[PDB]
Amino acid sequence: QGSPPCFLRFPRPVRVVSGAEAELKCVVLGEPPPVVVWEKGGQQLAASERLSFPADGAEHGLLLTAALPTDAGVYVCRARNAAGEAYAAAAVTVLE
């Protein structure tokens, strides 16, 4: 029968100096395990050399290898499975 996506750990905001690694962390549960996708400004993000999405079972991260001021803003985590969807937004603040 299954159960809809939910957050065991919610992605809290991160404040990071320009140039430092930043990671939004969450833990998403659900049956079947939800597919989690991160978007920014309404656009789905693509993995790259500077942006990765470490996923290990329920553990999910959005990882910025070296944050830049342009990385600041609100990111949306959307989790989906057969039973439903869960949404959580988190802000990255990048300081000089």
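Counting begins at 1, following the sequence as shown.
Determine, for stretches 35 to 43 and 61 to 69, which one has the higher mean CA B-factor as deposited.
-> Per the PDB entry, the higher value belongs to 35 to 43.
B-factor third for the C-alpha atom of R9 within its chain = Lowest third - that is where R9 ends up once the chain's C-alpha B-factors are sorted.
Would you mind checking where the Cα B-factor of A83 ranks among the modelled residues of its chain, as the lowest, middle or highest third?
-> For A83, the deposited C-alpha B-factor lands in the lowest third.
By the record's CA B-factor, is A55 among the lowest, middle or highest third of residues in the chain?
-> It falls in the top third of the chain.
Can you work out whether the C-alpha temperature factor of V28 puts it in the lowest, middle or highest third of the chain?
-> Answer is highest: the recorded C-alpha B-factor places it there.
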